[PDB]
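# Coordinate inspection notes
Now for the letters of each chain:
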Amino acid sequence: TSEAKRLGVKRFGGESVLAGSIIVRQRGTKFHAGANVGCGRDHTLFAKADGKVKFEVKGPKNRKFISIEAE
Amino acid sequence: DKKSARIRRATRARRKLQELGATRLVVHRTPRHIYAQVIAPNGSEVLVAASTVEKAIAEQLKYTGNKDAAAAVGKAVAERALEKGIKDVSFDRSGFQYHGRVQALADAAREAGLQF
Amino acid sequence: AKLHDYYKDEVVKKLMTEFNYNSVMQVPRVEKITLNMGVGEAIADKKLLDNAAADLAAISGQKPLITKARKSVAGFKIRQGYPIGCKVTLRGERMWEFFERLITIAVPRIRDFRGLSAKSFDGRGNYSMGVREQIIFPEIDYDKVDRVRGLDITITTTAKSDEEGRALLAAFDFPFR
RNA sequence: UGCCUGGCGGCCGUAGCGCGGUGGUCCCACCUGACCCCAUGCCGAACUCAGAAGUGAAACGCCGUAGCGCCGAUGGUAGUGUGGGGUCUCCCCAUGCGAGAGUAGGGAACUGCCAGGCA
RNA sequence: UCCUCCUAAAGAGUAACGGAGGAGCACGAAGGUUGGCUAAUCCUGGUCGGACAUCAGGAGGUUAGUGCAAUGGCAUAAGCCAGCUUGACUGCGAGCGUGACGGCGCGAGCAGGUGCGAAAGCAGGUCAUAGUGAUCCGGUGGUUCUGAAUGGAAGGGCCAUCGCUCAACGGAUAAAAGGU
RNA sequence: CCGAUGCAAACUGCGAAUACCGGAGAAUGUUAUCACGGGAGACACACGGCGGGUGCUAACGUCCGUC
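Residues numbered from 1 in each chain as written, not as in the entry; some residues may be left out. Chains lettered and ligands numbered in written order. Part of a larger assembly, values for the part shown. Heavy atoms only, no water. Residues with missing side-chain atoms left out of burial classes, pairs and counts.

The following threshold applies: UniProt positions are given in the numbering used here, feature names are shortened, and annotations may be inferred rather than shown by experiment.
Under the PDB entry, the name given to chain C is Large ribosomal subunit protein uL5, and the source organism is Escherichia coli. In UniProt, chain C has this text filed under Sequence similarities: "Belongs to the universal ribosomal protein uL5 family."

Looking up chain A in the PDB entry gives the name Large ribosomal subunit protein bL27, with the organism given as Escherichia coli. Database annotation for chain A, UniProt heading Subunit (literature references left out): "Part of the 50S ribosomal subunit. Cross-links to the 23S rRNA. Cross-links to the A and P site tRNAs."

## Some points on empty space enclosed by the protein
A probe as big as a water molecule, rolled over the atoms, marks out the empty space that is left. All names here are of chain B. Convention followed: Both cavities and pockets are sets of points on a 1 Å grid over the protein atoms alone; in a cavity a 1.4 Å probe fits but cannot get out, in a pocket the set is open with protein on both sides within 12 Å along at least five of seven lines, and lining residues sit with an atom within 4 Å of a point. Grid points are joined across faces, edges and corners, and a volume is the space filled by probe spheres set on the points. Secondary structure elements are defined from DSSP: runs of H or I of at least 4 residues count as helices, runs of E of at least 2 residues count as strands, and each element is numbered from the N terminus.
There is about 90 Å³ of room inside the largest cavity. Lining of the largest cavity is provided by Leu 25, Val 27, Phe 91, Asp 92, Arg 93, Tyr 98, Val 102, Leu 105, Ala 106, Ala 109 and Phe 116. The set of elements that each furnish at least two residues to the lining of the largest cavity consists of β1 (24–29) and α4 (101–111). The element that contributes the greatest number of residues to the lining of the largest cavity is α4, accounting for four residues.

## Quick notes on the packing of helix α1 (residues 4–19) of chain C against helix α4 (residues 162–171) of chain C
Residues and elements named next belong to chain C. Heads up, the rule is: Axis lines are fitted through C-alpha atoms, for helices just across the contact stretch, and the angle between N-to-C directions can take any value from 0 to 180 degrees. For classification purposes, angles smaller than 35 degrees are called roughly parallel, those larger than 145 roughly antiparallel, those between 65 and 115 roughly perpendicular, and all remaining angles oblique. Handedness of each helix crossing follows the sense of rotation of the near helix against the far helix: counterclockwise by less than a right angle gives left-handed, clockwise gives right-handed. We call two residues in contact whenever any of their non-hydrogen atoms come within 4.5 Å of each other. Residues are sorted three ways: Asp, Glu, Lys and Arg are charged, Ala, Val, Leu, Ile, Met, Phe, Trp, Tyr, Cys and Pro are nonpolar, and all the rest, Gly among them, are polar.
Closest axis-to-axis distance for the α1/α4 pair is 10 Å, and the angle between their directions is 135 degrees. In terms of axis orientation, α1 runs oblique to α4. Note that α1 runs across α4; the crossing there is right-handed. Residue-level inspection shows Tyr 7, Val 11, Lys 14, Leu 15 and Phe 19 of α1 in contact with α4, the latter providing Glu 164, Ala 167, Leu 168, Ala 170 and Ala 171. Of the residues in the contact of α1 with α4, the class split is eight nonpolar, no polar and two charged.

## Some points on helix α1 (residues 3–20) of chain B
All names here are of chain B. We apply this condition: Here the expected span of a helix is defined as 1.5 Å times the quantity of residues minus one. Fitting one axis to the seven residues ending at a residue and another to the seven starting there, the bend at that residue is the angle between the two axes. Under the scheme applied here, a residue whose accessible area is under 20% of the maximum for its type counts as buried, over 50% as exposed, and between as partly exposed, the area being computed with a 1.4 Å probe on protein chains only.
Under the 1.5 Å per step criterion, the end-to-end length of α1 is 26 Å for 18 residues, consistent within 8% with the ideal 26 Å. Along α1, the sharpest kink reaches roughly 30 degrees, centred on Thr 11. Buried within α1 are the following residues: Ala 5, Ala 10 and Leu 17. Looking at the buried side of α1, the elements it contacts are β1. Positive phi appears at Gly 21, one or two residues downstream of α1, with a value of about 60 degrees.

## Some words on the pattern of salt bridges
Where charged atoms of side chains with opposite charge meet at close range, the side chains can pair. For the record, the criterion: Throughout this description, the term salt bridge denotes a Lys or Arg side-chain nitrogen within 4 Å of a carboxyl oxygen of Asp or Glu.
In total, this model carries seven salt bridges over all chains according to the counting rule given. Residues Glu 111 of chain B and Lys 75 of chain B are paired through a salt bridge, measuring 3.7 Å at the closest nitrogen-oxygen approach. Of this pair, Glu 111 of chain B sits in helix α4 while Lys 75 of chain B sits in helix α3 (residues 67–84), and the two are 36 residues apart along the sequence. Judged by its relative accessible area of 61%, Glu 111 of chain B is exposed. On the accessibility criterion, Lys 75 of chain B (37% relative accessible area) is partly exposed. For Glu 41 of chain C, the salt bridge identified is with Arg 147 of chain C, shortest N-O distance 3.1 Å. Placement of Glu 41 of chain C in the loop between β1 (33–36) and α2 (46–59) and of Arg 147 of chain C in the loop between β4 (127–129) and β5 (152–155) is noted, with a sequence separation of 106 residues between them.

## Notes on the packing of α3 of chain B against α4 of chain B
All names here are of chain B. It is at 7 Å that the axes of α3 and α4 come closest, and there the two elements cross at 35 degrees. Taken as a pair, α3 and α4 cross one another with a handedness that is right-handed. Together, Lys 67, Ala 70, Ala 71, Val 73, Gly 74, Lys 75 and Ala 78 of α3 and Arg 101, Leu 105, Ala 108, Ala 109 and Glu 111 of α4 make up the contact between the two elements.

## Observations regarding the protein's contact with RNA strand F
Residues and elements named next belong to chain A. Defined as follows: By convention in this text, a residue qualifies as near a molecule or strand provided that one of its non-hydrogen atoms is within 4 Å of it. Pairs of N or O atoms within 3.5 Å make up the polar contacts considered here, provided that, within protein, one atom can donate a hydrogen while the other can accept it, and that residues adjacent in sequence are counted only when both atoms are side-chain atoms.
Neighbouring RNA strand F are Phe 12, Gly 14 and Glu 15. Of everything in RNA strand F that lies within 4 Å of the protein, sugar and phosphate atoms constitute 82%. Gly 14 places a polar main-chain atom, nitrogen or oxygen, 2.7 Å from a sugar or linking oxygen of RNA strand F.

Right under this line is the structure:
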């Protein structure tokens, strides 16, 4: 005895995010990609096709999943 | 821990095929009987299922579980798929090894003219 | 195979008569025997460990695998991954033959043969014991002895209590304590 | 159409943890030997070849045990947006939204499709 | 110059030489893919080993680890044995998240050709968050693209690109350094 | 160190109000919304209320987010 990075959710549930849009950019893996959602090298979730976003809880561990469904 | 490990290992392909959302052919192997099922992408319905136990195909088979039975099941699955219009389903090994009866069944199914 | 039939004929029958069981295989069965060396004196020299592994392979029907260290502590002056010893697993005809030959020739001829220590149990049925002077085993000759080394023989036991293990040991009359 | 067994999905502790009983009709389970397809970072450990010759040991389906664990109310409590007041560091007033835990209650799950045995 | 949690009032952002250090490296294997495996921690048995130099029966299931100081998520391990390779290749690339710009990051998908497989499919470096170089200057190879009449040559214009601790790291004119 | 009672900025098996993103909706608001072009103007703000940091949780001291 710097420049802060921009975190948080950019598009929330109900947004008509089109293909290529990134849903959230988090440090680690806060949420896991579900249907029609891809995960990048830097632990970033992005959409693969047009649709409405949704967040769901499933699995023995009760893990949060980000999914996209047809509008 | 054998069945749990088998399920865990099969879960890899089980989830992998989900993203592409294509009909899947799964095989359950047991010395007593062999089962083959065609499952739709939604995963809650089966297009067609065959079992070595059924007499319809066990009449000509000396024993329910063997290479000949696997080949017969493969042929039956292939012809049913051809007459139903599966449109080139994918397949999963269900965590088994593709060297014995699984390979024989796959070859028998492909012999009909499938493109999986 | 060779001894399994006799075991079923005699030991299983005796245990069933003694304990009034129902299932034919209610009596616990031995699955595998693990031969290990607890010498722990091959740190300085690797040729000692190599010769010990060769002796293990010669006595057994299969060669051993070298095992590395698990944790590193400054108290005992040990690093991580340091090869010290090896183990052999026997399950099947080889295991039956090895057990038969042992109980036939090796066990009777032991110096200070005060009997097996039944108290040396894991608390659930598995029995592990070690003895010195591998020269007792006929598979090793006096002309090819480098040093005195101990053994560690552990038998698999599926029982849920020590009474079953004691009965299994008494199956061969358990000469004495 | 009813009982039992195996597989494919949803539900993910109202599905779990501990205890007693039952399951060989069918199904499932222990695999003996492997010089033969397959191989061990040693081991036929797993996988592959022949079933009732040996049985339900362990695993798993079901009933009860509400013992542990979970959810779960109405109500209250702590807090806060808005305007005002006081002894203004903090609190109160009219109004809206409303904690956690626990109590009543529940459950030893349920549900959709396919294969087999007994009816 | 850049990262790591708070103060920072549950989107982002939001202070004072604020509280805190680390990186300016490294792996051309620590990269890709197929099979299987996956604890740590503690009790009990071994010649000593008692837990602590190795082995097997249990308590318990992600408390060990993930190249780094630290950080989040990670048992479908994002680890760890057996095998083969270089997809860390080339032209690219709709769109999205940031910005004042210079620009930065992710990114579905096509084509030319490859590795992992029987296939489904993965491979545009490393689990990630820092780990570097912009303008100008000097050097290499291609282009008749251009060439002050003609045919060349010299010199420029663009393509991959080394040096430039340029480590004053957006880098102020050609102006050498230390002090009472 | 074994179990428990209370506590926390680099503590959450739980979890507000409040803020913010999208969809639908009766009504008001001189389109008050967004796109392009011309013209500018300003680039030491002060104080107060609300919740904090700093300060010796002494200071009509200091800096923040909102009105």
